[PDB]
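Visitor: The structure that follows is given in the form of structure tokens.
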Amino acid sequence: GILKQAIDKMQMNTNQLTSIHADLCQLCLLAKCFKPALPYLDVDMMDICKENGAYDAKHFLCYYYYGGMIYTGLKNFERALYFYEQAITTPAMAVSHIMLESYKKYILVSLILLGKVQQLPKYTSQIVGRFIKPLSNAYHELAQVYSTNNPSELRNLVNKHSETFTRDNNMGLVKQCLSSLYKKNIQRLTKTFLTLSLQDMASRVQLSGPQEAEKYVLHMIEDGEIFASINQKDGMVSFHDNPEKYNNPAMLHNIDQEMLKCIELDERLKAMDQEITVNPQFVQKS
Amino acid sequence: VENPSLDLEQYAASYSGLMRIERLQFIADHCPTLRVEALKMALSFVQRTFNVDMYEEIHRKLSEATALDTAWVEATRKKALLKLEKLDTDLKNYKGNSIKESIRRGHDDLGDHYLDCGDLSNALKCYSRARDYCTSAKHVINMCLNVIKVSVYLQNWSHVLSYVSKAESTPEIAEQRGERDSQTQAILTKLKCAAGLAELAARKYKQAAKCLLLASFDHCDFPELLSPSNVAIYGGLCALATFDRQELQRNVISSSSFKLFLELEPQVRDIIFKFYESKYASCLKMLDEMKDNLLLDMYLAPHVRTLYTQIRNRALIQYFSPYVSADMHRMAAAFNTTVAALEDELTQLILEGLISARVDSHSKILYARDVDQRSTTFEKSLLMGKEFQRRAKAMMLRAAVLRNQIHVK
Amino acid sequence: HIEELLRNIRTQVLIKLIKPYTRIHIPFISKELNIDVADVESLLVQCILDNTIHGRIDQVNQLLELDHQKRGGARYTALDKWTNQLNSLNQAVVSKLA
């Protein structure tokens, strides 16, 4: 709380990153109370305070990595992946400690949410393409095995490489990868089969039992990732691929909400450009 | 694997030169339990044409299968040496005489002699050095077909294709007039057949079929590159696998000059006609029957499986094209396949996007689903907008961090 | 050439009769065409594969669904075209540097 009282009394604007944010995130992560730090993380941070030349990279790389830590514990994988990607692409002509862990958690989270490794943005320092990439081989092996959609060899691979994963203390984000195959194979089957018997799809996805197939389908329909129906009179899972017609006022409201964010972004860029076009350092370079 | 319908006598009679020896070696290597007659024919007839190394190879093969002929070996060796000496003295004399025509003829003769001996690279370099003494375009075309022959012996198909194209461009593009309403000495058909064969060897089926299709029967009686029967087989199978319905109607079944090639091999004609007229059971049955004899060819051996897979996939796609909801029991019965394997094939094909269909595996019905343009466009537009907003959010932060010049130390 | 004949006439009859309808029974076609249902299906599949009849064949209920559909949705495709450009456009804009 003390730190959350300091943030508002030094930063010029709420969207202004500072070194104290990293300390707040560190204390939040080590205190196992994630909720109080959410308001200071959801808002985007534009411009970073130089604070008399004391804001080095150790206070910027740490913040966007502890943000990934705090989001990956709340199952908000999109923003966690975004923070990890932002932490990866810092300009750095060396190898740091937290960079390796951020890369490992990025390679885990990308496999968690997507079905593939998201390509890093091109504006990345060449150090990651030569040093950090060959150092973390087990995670790349995990990605390569995951790309085959085979839920049997993955168990053996994760069992074999348990030592390094336990040493990195990221246990929990790799068993999620193991469970993600059973959640992705059903979605893949959605594109092909209109309806199925529990036995056939259970043999296809290999969960060893029709009974647990009903449990997985119920979990999927409860969490809303799929549009399926269970019909127990004949052992049926039916795939209703009619989610939305895109004609209700709710879609119009969503479009309006997206417009009011794009407009704010455009206004901010225009204001920044207008500010740039006034600097006395400029006007003389042209 | 046994097949008694194969006729080695027809194979020996149809082809000639080193090609028959190579085909006999291929059929011996790939067809067991039929080696005795093929190697007996090889021993009886290939005793000519200066068998030196392949003679020892076939002798070893016969020894493995199971008096020694050795004096004839050095007799032929010394005869070849004295013939080489005569050729060398003759070519020195002709070089001293400095006559372009005589030197060109001597170079061609020595290249042919070295080809008979088995010196492929030596013949190639001899023709390369003889290229410098070209006068007329017809001599260029003749040495071109010779070099194409030696190159397809050497298996360098890119050079074969470039050499065929340069040959096409040599005589001011088909003499600019068509050689007086097509040429009686139509080497154009032979070079087109060579180009099609090279394209087929290069895993380019569409171009190979297109090039080999333009062939004339009355100028295809020169069995030194291909025979009409295998030309028809290659063309029919490649066109069946590659071309769509429109080309399978305009090019293969309606071309008058190609019905003769079809009549040469009635089985290919039956296959094509039954595939065209929505008759798949008999077509697949006859193709499966043909596969055993087809696999014994020496050019098409490494391509049978992919060809058949493409044919089957095209057959499935064409069969489901005119249907909106099909009972897959009749689909399985017409394709000579059980329900489970047909289901596996359909679920493998659907994931690739070739067939826009879904399977209802309770009443066993293959339904056809049409995409709604509005929902797809709205969803993709929203997704693209979200991605663009995220990209802007990232890059403006990157602009700020570049402004403050932050780097690790 | 009587097998090539006796075939164009039936195809012309089918084309003339299929114009006003949008979904019919196969036996109804069989009655007027004076041929069995299997041959009716063969003629229909040949005509559809030859792009002469704009429709699809239903085999579980032996129906013939025409194509009295496809309103003026060209707009939508052109709209999609914007996406296929604009995405790439920002991909070039962000890739300048920062």
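Ordering of the structure tokens sets the chain letters (A, B, ...), residue numbers begin anew at 1 in every chain, and ligands are numbered from 1 in the order given.
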Contacts from chain C to chain A, 12 Å maximum, only C-alpha atoms: show me the residue list as an NGL selection string.

Guide: :C and (91-92 or 94-98)

Visitor: Could you please tell me, as a PyMOL selection string, which residues of chain B have an atom within 7 Å of chain C when using only C-alpha atoms?

Guide: chain B and resi 322-327+373-374+377+381+384+395+398-399

Visitor: With 7 Å as the limit and counting only C-alpha atoms, what residues in chain B lie close to chain A? Please list them as a ChimeraX atom specification.

Guide: /B:347,350-351,358-361,375,397,400,406-408

Visitor: So the first atom is atom CA of residue 23 of chain B and the second is atom CA of residue 39 of chain B; what is the distance between them in Å, to one decimal place?

Guide: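 We find that atom CA of residue 23 of chain B and atom CA of residue 39 of chain B lie 11.5 Å from each other.
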
Visitor: Can you pull out every residue from segment 131-362 of chain B that DSSP, working from the backbone, puts in strand (DSSP E or B), and format the result as a list in words?

Guide: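 Taking segment 131-362 of chain B and keeping strand (DSSP E or B) only, one gets residues 323, 324, 325, 326, 327, 357, 358, 359 and 360 of chain B.
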
Visitor: Find the distance between atom CA of residue 5 of chain B and atom CA of residue 299 of chain B and write it in Å to one decimal.

Guide: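 So the answer is 20.0 Å.
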
Visitor: Write out as a ChimeraX atom specification each polymer residue whose atoms come within 12 Å of residue 259 of chain A, counting only C-alpha atoms; drop sequence neighbours fewer than 6 positions from it.

Guide: /A:252-253,265-266 /B:382,385-386,389

Visitor: Set the distance at 8 Å and use only C-alpha atoms: which residues neighbour residue 13 of chain C once local chain neighbours fewer than 4 positions away are removed? I'd like the list as a ChimeraX atom specification.

Guide: /C:9,17,33

Visitor: Any idea what's packed within 12 Å of residue 2 of chain A, counting only C-alpha atoms, ignoring anything in its chain fewer than 3 positions away? Could you give it as a ChimeraX atom specification?

Guide: /A:5-9,20,23-24,27-28,36

Visitor: I need the chosen residues saved as a PDB file, in the first residue's frame, with N, CA and C atoms.

Guide:
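Output file result_9.pdb follows:
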ATOM      1  N   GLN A   5       0.881   4.312  -2.728  1.00  0.00           N
ATOM      2  CA  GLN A   5       0.686   5.720  -2.422  1.00  0.00           C
ATOM      3  C   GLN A   5       1.785   6.585  -3.017  1.00  0.00           C
ATOM      4  N   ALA A   6       2.975   6.018  -3.229  1.00  0.00           N
ATOM      5  CA  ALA A   6       4.074   6.781  -3.809  1.00  0.00           C
ATOM      6  C   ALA A   6       3.903   6.967  -5.312  1.00  0.00           C
ATOM      7  N   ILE A   7       3.351   5.960  -5.995  1.00  0.00           N
ATOM      8  CA  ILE A   7       3.251   6.003  -7.452  1.00  0.00           C
ATOM      9  C   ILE A   7       2.514   7.259  -7.897  1.00  0.00           C
ATOM     10  N   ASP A   8       1.375   7.544  -7.266  1.00  0.00           N
ATOM     11  CA  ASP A   8       0.556   8.672  -7.687  1.00  0.00           C
ATOM     12  C   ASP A   8       1.182  10.017  -7.338  1.00  0.00           C
ATOM     13  N   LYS A   9       2.175  10.046  -6.451  1.00  0.00           N
ATOM     14  CA  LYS A   9       2.744  11.307  -5.992  1.00  0.00           C
ATOM     15  C   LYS A   9       4.066  11.654  -6.664  1.00  0.00           C
ATOM     16  N   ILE A  20       9.730   2.839  -9.798  1.00  0.00           N
ATOM     17  CA  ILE A  20       9.046   2.356  -8.606  1.00  0.00           C
ATOM     18  C   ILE A  20       7.980   1.326  -8.964  1.00  0.00           C
ATOM     19  N   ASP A  23       9.513  -2.094  -8.444  1.00  0.00           N
ATOM     20  CA  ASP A  23       9.517  -2.484  -7.038  1.00  0.00           C
ATOM     21  C   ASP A  23       8.126  -2.894  -6.578  1.00  0.00           C
ATOM     22  N   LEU A  24       7.100  -2.160  -7.013  1.00  0.00           N
ATOM     23  CA  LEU A  24       5.731  -2.514  -6.652  1.00  0.00           C
ATOM     24  C   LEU A  24       5.374  -3.900  -7.172  1.00  0.00           C
ATOM     25  N   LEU A  27       7.278  -6.622  -5.119  1.00  0.00           N
ATOM     26  CA  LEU A  27       6.666  -6.844  -3.813  1.00  0.00           C
ATOM     27  C   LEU A  27       5.324  -7.551  -3.949  1.00  0.00           C
ATOM     28  N   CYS A  28       4.542  -7.191  -4.970  1.00  0.00           N
ATOM     29  CA  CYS A  28       3.264  -7.856  -5.204  1.00  0.00           C
ATOM     30  C   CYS A  28       3.452  -9.333  -5.516  1.00  0.00           C
ATOM     31  N   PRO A  36      -4.097  -6.186  -5.817  1.00  0.00           N
ATOM     32  CA  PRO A  36      -3.846  -4.743  -5.640  1.00  0.00           C
ATOM     33  C   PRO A  36      -2.985  -4.107  -6.722  1.00  0.00           C
TER      34      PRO A  36
END

Visitor: Please provide as a list in words all residues within 10 Å of segment 285-291 of chain B, with the sequence filter that same-chain residues fewer than 2 positions apart are discarded (counting only C-alpha atoms).

Guide: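 Once the adjacent positions are removed, what remains is residues 237, 267, 268, 270, 271, 280, 281, 282, 283, 293, 294, 295, 296, 304, 305, 308, 311, 335 and 336 of chain B.
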
Visitor: Please run DSSP on the backbone and report, as a PyMOL selection string, all residues within chain C that come out as alpha helix (DSSP H).

Guide: chain C and resi 8-18+26-33+37-49+74-94

Visitor: Give me, as a ChimeraX atom specification, all polymer residues having an atom no more than 9 Å from segment 130-140 of chain B, counting only C-alpha atoms and skipping those fewer than 6 positions away in the same chain.

Guide: /B:100-101,103-104,107-108,167,170-171

Visitor: Which residue, B:91, B:164, B:187, B:226, has the smallest gap to residue 20 of chain B when you use only C-alpha atoms?

Guide: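 With only C-alpha atoms as the atom set, the closest residue is B:226.
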
Visitor: What does the distance from atom CA of residue 55 of chain B to atom CA of residue 43 of chain B come to in Å, to one decimal?

Guide: 8.4 Å
